[PDB]
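Colleague: Quick one: the structure is below, and I'll ask about it shortly.
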Amino acid sequence: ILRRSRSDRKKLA
Amino acid sequence: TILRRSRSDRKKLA
Amino acid sequence: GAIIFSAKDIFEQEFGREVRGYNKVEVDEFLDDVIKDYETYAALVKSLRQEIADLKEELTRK
Amino acid sequence: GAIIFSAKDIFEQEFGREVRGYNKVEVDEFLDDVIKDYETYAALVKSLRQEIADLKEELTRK
Ligand code: NI
């Protein structure tokens, strides 16, 4: 949340 | 410049 | 200015998929390092350009 | 130093292939612009740090 990573954008489900 | 990764012949170096 | 992307743009960038494409996890892990570099460079330039402004204000005055 | 990659590293980076991976053309054309920013940022920090060194030399001497 304070350090952007593209895996934070993987589908939740 | 020379570092255009989309050069069609990039594979000649990298 | 002369910079094309922000870190934000690296984070948001999406790519379509093709039949035999780049490994996505590898691209995305790579881009995560690119994000860090854009964050670092942007912070370095802000600090350097402010330092310069401040040193010039000092030098050019009594 | 604090930077992970050079522009040359972005150009030379290899990725595996996978079925349903990222479109290589799209990733590469995006990395074209990333590379240009790495070149610009490297040149910017160099220009700025060199100017700072010159201003400090002027300021700290008679
Ligand atoms: Ni200046």
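Letters A, B, ... mark the chains of the structure tokens in the order given; residue numbers begin at 1 per chain; ligand numbers begin at 1, in order shown.
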Which protein, DNA or RNA residues have an atom within 12 Å of ligand 1, counting only C-alpha atoms and all ligand atoms, as an NGL selection string?
Modeller: (:C and (48-57 or 59)) or (:D and (44 or 47-55))
Colleague: Contacts between chain D and chain B, please, where a residue of chain B counts if it comes within 8 Å (with only C-alpha atoms); show its shortest atom pair and distance in Å to one decimal, rows by chain and ascending number, as a tab-separated table.
Modeller:
residue	atom	partner	partner_atom	distance
B:3	CA	D:11	CA	5.9
B:4	CA	D:32	CA	5.3
B:5	CA	D:11	CA	5.3
B:6	CA	D:28	CA	5.1
B:14	CA	D:12	CA	5.2
Colleague: If we count only C-alpha atoms, which residues of chain A reach to within 12 Å of chain C? Please list them as an mmCIF file with C-alpha atoms, in the first residue's frame.
Modeller:
data_model
loop_
_atom_site.group_PDB
_atom_site.id
_atom_site.type_symbol
_atom_site.label_atom_id
_atom_site.label_comp_id
_atom_site.auth_asym_id
_atom_site.auth_seq_id
_atom_site.Cartn_x
_atom_site.Cartn_y
_atom_site.Cartn_z
ATOM 1 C CA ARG A 3 5.295 0.755 -1.999
ATOM 2 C CA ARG A 4 3.733 -0.005 -5.387
ATOM 3 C CA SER A 5 4.237 -3.520 -6.808
ATOM 4 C CA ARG A 6 2.531 -4.823 -9.944
ATOM 5 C CA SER A 7 1.539 -8.004 -8.109
ATOM 6 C CA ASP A 8 -0.738 -5.878 -5.930
ATOM 7 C CA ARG A 9 -2.699 -5.693 -9.202
ATOM 8 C CA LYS A 10 -3.260 -9.421 -9.631
#
Colleague: Could you make a table, as a tab-separated table, of the residues of chain C that have an atom within 6 Å of an atom of chain D, each with its nearest atom pair and distance in Å to one decimal, counting only C-alpha atoms, in chain and number order?
Modeller:
residue	atom	partner	partner_atom	distance
C:3	CA	D:37	CA	5.6
C:15	CA	D:22	CA	5.8
C:16	CA	D:23	CA	5.7
C:17	CA	D:22	CA	4.4
C:18	CA	D:23	CA	5.0
C:19	CA	D:20	CA	4.9
C:20	CA	D:19	CA	4.5
C:21	CA	D:21	CA	3.8
C:22	CA	D:17	CA	4.6
C:23	CA	D:17	CA	5.0
C:24	CA	D:21	CA	5.5
C:37	CA	D:3	CA	5.6
C:52	CA	D:52	CA	5.7
C:59	CA	D:59	CA	5.9
Colleague: Go ahead and write the selection's residues with C-alpha atoms as a compact mmCIF listing (two decimals), in the first residue's frame.
Modeller:
# COMPACT_ATOMS: atom_id res chain seq x y z
CA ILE C 3 10.64 12.39 -18.82
CA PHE C 15 -0.05 -5.47 -21.79
CA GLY C 16 -2.28 -7.67 -23.81
CA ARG C 17 -1.48 -11.35 -23.89
CA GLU C 18 -0.40 -13.19 -27.05
CA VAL C 19 -0.05 -16.87 -27.75
CA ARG C 20 3.71 -17.24 -26.92
CA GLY C 21 4.51 -14.01 -25.06
CA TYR C 22 6.87 -12.85 -22.38
CA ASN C 23 6.61 -14.56 -19.02
CA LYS C 24 4.29 -12.24 -17.13
CA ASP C 37 14.23 3.32 -10.15
CA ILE C 52 21.09 23.93 -6.91
CA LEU C 59 26.12 32.43 -4.12
Colleague: What would chain C look like once superposed on chain D, with the fit done by least squares over all C-alpha atoms paired in order? Give it as a PDB file with C-alpha atoms, in the first residue's frame.
Modeller:
ATOM      1  CA  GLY C   1      24.732   3.054  -5.866  1.00  0.00           C
ATOM      2  CA  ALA C   2      21.000   3.380  -5.389  1.00  0.00           C
ATOM      3  CA  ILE C   3      20.025   2.752  -9.020  1.00  0.00           C
ATOM      4  CA  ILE C   4      19.396  -0.865  -9.946  1.00  0.00           C
ATOM      5  CA  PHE C   5      19.567  -0.798 -13.736  1.00  0.00           C
ATOM      6  CA  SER C   6      21.215   1.183 -16.478  1.00  0.00           C
ATOM      7  CA  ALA C   7      19.563   1.847 -19.808  1.00  0.00           C
ATOM      8  CA  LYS C   8      21.824  -0.915 -21.036  1.00  0.00           C
ATOM      9  CA  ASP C   9      20.132  -3.365 -18.717  1.00  0.00           C
ATOM     10  CA  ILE C  10      16.707  -2.400 -20.027  1.00  0.00           C
ATOM     11  CA  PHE C  11      17.906  -2.945 -23.560  1.00  0.00           C
ATOM     12  CA  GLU C  12      19.495  -6.321 -22.821  1.00  0.00           C
ATOM     13  CA  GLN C  13      16.726  -7.715 -20.649  1.00  0.00           C
ATOM     14  CA  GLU C  14      15.224 -10.919 -21.948  1.00  0.00           C
ATOM     15  CA  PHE C  15      12.036 -12.657 -20.890  1.00  0.00           C
ATOM     16  CA  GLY C  16      11.074 -16.214 -21.442  1.00  0.00           C
ATOM     17  CA  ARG C  17       7.833 -16.875 -23.238  1.00  0.00           C
ATOM     18  CA  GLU C  18       4.841 -18.580 -21.601  1.00  0.00           C
ATOM     19  CA  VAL C  19       1.670 -19.941 -23.093  1.00  0.00           C
ATOM     20  CA  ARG C  20      -0.563 -16.813 -22.614  1.00  0.00           C
ATOM     21  CA  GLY C  21       1.961 -14.065 -21.842  1.00  0.00           C
ATOM     22  CA  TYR C  22       2.270 -10.353 -22.327  1.00  0.00           C
ATOM     23  CA  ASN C  23       2.185  -9.086 -25.883  1.00  0.00           C
ATOM     24  CA  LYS C  24       5.874  -8.889 -26.741  1.00  0.00           C
ATOM     25  CA  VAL C  25       5.728  -5.951 -29.161  1.00  0.00           C
ATOM     26  CA  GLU C  26       3.816  -3.934 -26.579  1.00  0.00           C
ATOM     27  CA  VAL C  27       6.228  -4.807 -23.778  1.00  0.00           C
ATOM     28  CA  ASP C  28       9.198  -4.000 -25.989  1.00  0.00           C
ATOM     29  CA  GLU C  29       7.763  -0.675 -27.245  1.00  0.00           C
ATOM     30  CA  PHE C  30       7.050   0.227 -23.626  1.00  0.00           C
ATOM     31  CA  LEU C  31      10.583  -0.711 -22.557  1.00  0.00           C
ATOM     32  CA  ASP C  32      11.974   1.409 -25.369  1.00  0.00           C
ATOM     33  CA  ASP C  33      10.418   4.388 -23.652  1.00  0.00           C
ATOM     34  CA  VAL C  34      11.799   3.192 -20.353  1.00  0.00           C
ATOM     35  CA  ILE C  35      15.217   3.081 -21.968  1.00  0.00           C
ATOM     36  CA  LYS C  36      14.794   6.683 -22.981  1.00  0.00           C
ATOM     37  CA  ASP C  37      13.831   7.623 -19.422  1.00  0.00           C
ATOM     38  CA  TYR C  38      16.861   5.900 -17.975  1.00  0.00           C
ATOM     39  CA  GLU C  39      19.059   7.681 -20.492  1.00  0.00           C
ATOM     40  CA  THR C  40      17.393  11.005 -19.620  1.00  0.00           C
ATOM     41  CA  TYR C  41      17.494  10.563 -15.878  1.00  0.00           C
ATOM     42  CA  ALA C  42      21.102   9.395 -15.913  1.00  0.00           C
ATOM     43  CA  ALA C  43      22.095  12.413 -17.977  1.00  0.00           C
ATOM     44  CA  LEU C  44      20.090  14.770 -15.733  1.00  0.00           C
ATOM     45  CA  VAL C  45      21.694  13.494 -12.556  1.00  0.00           C
ATOM     46  CA  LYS C  46      25.223  13.666 -13.975  1.00  0.00           C
ATOM     47  CA  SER C  47      24.646  17.277 -14.974  1.00  0.00           C
ATOM     48  CA  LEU C  48      22.916  18.245 -11.747  1.00  0.00           C
ATOM     49  CA  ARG C  49      25.467  16.653  -9.496  1.00  0.00           C
ATOM     50  CA  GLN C  50      28.301  18.359 -11.415  1.00  0.00           C
ATOM     51  CA  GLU C  51      26.554  21.715 -11.253  1.00  0.00           C
ATOM     52  CA  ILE C  52      26.205  21.298  -7.499  1.00  0.00           C
ATOM     53  CA  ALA C  53      29.859  20.402  -7.122  1.00  0.00           C
ATOM     54  CA  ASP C  54      30.816  23.455  -9.162  1.00  0.00           C
ATOM     55  CA  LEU C  55      28.504  25.839  -7.306  1.00  0.00           C
ATOM     56  CA  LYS C  56      29.809  24.615  -3.981  1.00  0.00           C
ATOM     57  CA  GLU C  57      33.381  25.078  -5.101  1.00  0.00           C
ATOM     58  CA  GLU C  58      32.455  28.625  -6.020  1.00  0.00           C
ATOM     59  CA  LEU C  59      30.473  29.408  -2.880  1.00  0.00           C
ATOM     60  CA  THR C  60      32.939  28.001  -0.405  1.00  0.00           C
ATOM     61  CA  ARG C  61      35.891  29.991  -1.745  1.00  0.00           C
ATOM     62  CA  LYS C  62      36.882  33.617  -1.962  1.00  0.00           C
TER      63      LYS C  62
END
Colleague: How would you write, as a PDB file with C-alpha atoms, in the first residue's frame, the set of residues in chain C that DSSP gives as helix (DSSP H, G or I)?
Modeller:
ATOM      1  CA  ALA C   7       6.505   5.501 -11.552  1.00  0.00           C
ATOM      2  CA  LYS C   8       2.731   5.580 -11.601  1.00  0.00           C
ATOM      3  CA  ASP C   9       2.739   4.862 -15.306  1.00  0.00           C
ATOM      4  CA  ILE C  10       5.002   1.857 -14.824  1.00  0.00           C
ATOM      5  CA  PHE C  11       2.673   0.530 -12.172  1.00  0.00           C
ATOM      6  CA  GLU C  12      -0.472   1.046 -14.249  1.00  0.00           C
ATOM      7  CA  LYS C  24       4.292 -12.240 -17.125  1.00  0.00           C
ATOM      8  CA  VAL C  25       5.686 -12.795 -13.624  1.00  0.00           C
ATOM      9  CA  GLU C  26       9.179 -12.072 -14.912  1.00  0.00           C
ATOM     10  CA  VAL C  27       8.097  -8.931 -16.753  1.00  0.00           C
ATOM     11  CA  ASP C  28       6.174  -7.729 -13.717  1.00  0.00           C
ATOM     12  CA  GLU C  29       9.012  -8.447 -11.241  1.00  0.00           C
ATOM     13  CA  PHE C  30      11.346  -6.589 -13.591  1.00  0.00           C
ATOM     14  CA  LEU C  31       8.956  -3.636 -13.846  1.00  0.00           C
ATOM     15  CA  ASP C  32       8.713  -3.534 -10.069  1.00  0.00           C
ATOM     16  CA  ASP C  33      12.400  -2.732 -10.031  1.00  0.00           C
ATOM     17  CA  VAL C  34      11.860  -0.179 -12.753  1.00  0.00           C
ATOM     18  CA  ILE C  35       9.211   1.404 -10.568  1.00  0.00           C
ATOM     19  CA  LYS C  36      11.740   1.674  -7.792  1.00  0.00           C
ATOM     20  CA  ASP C  37      14.229   3.321 -10.153  1.00  0.00           C
ATOM     21  CA  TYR C  38      11.691   5.863 -11.312  1.00  0.00           C
ATOM     22  CA  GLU C  39      10.828   6.628  -7.706  1.00  0.00           C
ATOM     23  CA  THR C  40      14.540   6.970  -6.873  1.00  0.00           C
ATOM     24  CA  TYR C  41      15.456   9.069  -9.866  1.00  0.00           C
ATOM     25  CA  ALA C  42      12.470  11.365  -9.421  1.00  0.00           C
ATOM     26  CA  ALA C  43      13.377  11.894  -5.781  1.00  0.00           C
ATOM     27  CA  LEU C  44      17.056  12.463  -6.644  1.00  0.00           C
ATOM     28  CA  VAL C  45      16.284  15.086  -9.256  1.00  0.00           C
ATOM     29  CA  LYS C  46      13.844  16.958  -7.010  1.00  0.00           C
ATOM     30  CA  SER C  47      16.476  17.123  -4.287  1.00  0.00           C
ATOM     31  CA  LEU C  48      19.320  18.015  -6.624  1.00  0.00           C
ATOM     32  CA  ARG C  49      17.439  20.707  -8.447  1.00  0.00           C
ATOM     33  CA  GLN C  50      16.355  22.269  -5.129  1.00  0.00           C
ATOM     34  CA  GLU C  51      19.891  22.149  -3.778  1.00  0.00           C
ATOM     35  CA  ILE C  52      21.094  23.927  -6.905  1.00  0.00           C
ATOM     36  CA  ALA C  53      18.423  26.585  -6.587  1.00  0.00           C
ATOM     37  CA  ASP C  54      19.385  27.113  -2.954  1.00  0.00           C
ATOM     38  CA  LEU C  55      23.130  27.236  -3.611  1.00  0.00           C
ATOM     39  CA  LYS C  56      22.622  29.738  -6.393  1.00  0.00           C
ATOM     40  CA  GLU C  57      20.474  31.910  -4.181  1.00  0.00           C
ATOM     41  CA  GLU C  58      23.292  31.841  -1.662  1.00  0.00           C
ATOM     42  CA  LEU C  59      26.118  32.432  -4.125  1.00  0.00           C
TER      43      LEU C  59
END
